[PDB]
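Notes for the one structure printed next.
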Amino acid sequence: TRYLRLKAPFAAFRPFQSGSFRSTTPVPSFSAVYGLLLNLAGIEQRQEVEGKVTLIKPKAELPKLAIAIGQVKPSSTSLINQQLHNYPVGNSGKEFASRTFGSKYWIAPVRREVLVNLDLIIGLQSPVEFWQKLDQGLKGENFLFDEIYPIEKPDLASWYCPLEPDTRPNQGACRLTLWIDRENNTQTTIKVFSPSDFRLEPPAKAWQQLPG
RNA sequence: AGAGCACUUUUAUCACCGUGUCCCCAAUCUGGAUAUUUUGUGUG
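Positions 12 to 152, 167 to 237 (the authors' numbering) are the ones given, in order, by the first sequence.
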């Protein structure tokens, strides 16, 4: 129905299972977008549990919505190499096995990278109740978001759309994730996405319906 | 409350040492601002 714009000076979207060296994507993943939308709604996550894993999210009940992503200006990236919180991968021993109070004791720096600027025009098709809840949360009683204001109708920009095995893409993102829980599952099938540069509204294929 | 973003860019250090821009030189040589001009006119 109605959509909104946002911007931020710095951002970072680390792909999962990156390993030692971290990376990022020019466009935030769908799951991160959904998490941001849920956080702004003022509704907490369905899971309240603590342990080895803390993403136990059954899909039994969750508001339905369709999400599109826009991009107005390409952004470069930079890298910083300071420190990282290592997880032991070797038998190791000594001091780590002595104290053992949330130890994470071994430390070794490698790398990581961040973005230079972010400005997106996010598109949402949601029921009226969810939009009203968002309005109440924004107006009522990690350097990721700076400010938000709905300027839907003006300020056109490019969009993204999945591509079928034909022709060739340009300036396309590497990987994208729809739904994921950090345990044994099938992850997501569709990975490749490409942008299209045209002024008017995105096509019907651009909108993607999230299972959650 | 966004695929949970911490635990690290950390601790010391003289670009130092000696070194005359020095030694001679002329702005020199001549030239009539010259030629004429009444402060005149009257008052106890």
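We treat Cβ as the ideally placed atom computed from N, Cα and C, and that holds for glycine.
Opposing strand residues paired with residue i [DSSP bridges]
i	result
residue 146	Per DSSP, none; premise fails for residue 146.
residue 218	187, 198
residue 174	16
residue 233	78
Limits of the beta strand (DSSP E) - the one that residue i falls within
i	result
residue 89	88-91
residue 104	First-last for residue 104: undefined, no H or E at that position.
residue 100	That residue, residue 100, is in no beta strand (DSSP E); it is neither H nor E in DSSP.
residue 237	Segment: none, residue 237 is in no beta strand (DSSP E) and carries neither H nor E.
residue 17	15-19
residue 129	129-136
residue 125	123-126
Neighbourhood of residue i by C-beta distance below 8 Å, restricted to the same chain and skipping five residues each side
i	result
residue 133	14, 15, 16, 17, 44, 78, 79, 80, 81
residue 212	202, 205
residue 57	68, 69, 72, 73
residue 106	116
residue 118	94, 95, 96, 97
Contacts around residue i, its chain only, beta-carbon distance under 6 Å, and the 5 residues preceding and following it disregarded
i	result
residue 31	121
residue 173	17
residue 185	80, 218, 220
residue 19	129, 170, 171
Nearest-angstrom Cβ-Cβ length linking residue i and residue j, presumed shorter than 8 Å
i	j	result
residue 73	residue 237	5 Å
residue 183	residue 126	Contact doesn't hold; Cβ gap of about 17 Å is too wide.
residue 53	residue 144	7 Å
residue 47	residue 141	Going by Cβ atoms, the distance from residue 47 to residue 141 rounds to 14 Å, so no, they are not a contact pair.
residue 200	residue 216	5 Å
residue 123	residue 176	Actually they do not touch by this definition, with Cβ atoms about 33 Å apart.
residue 51	residue 148	6 Å
residue 207	residue 64	6 Å
Sequence-distant residues of the same chain with beta carbon closer than 7 Å to residue i, five excluded per side
i	result
residue 60	67
residue 24	35, 36, 39, 40, 43
residue 136	12, 76, 77, 232
residue 21	125, 126, 168
heavy atom of the ligand GTP below 8 Å from residue i C-beta
i	result
residue 85	Within the structure as shown, the ligand GTP is missing, as the structure has no ligands at all.
Segments assigned beta strand (DSSP E), at least 3 residues, entirely inside the segment 21-101: 77-79, 88-91
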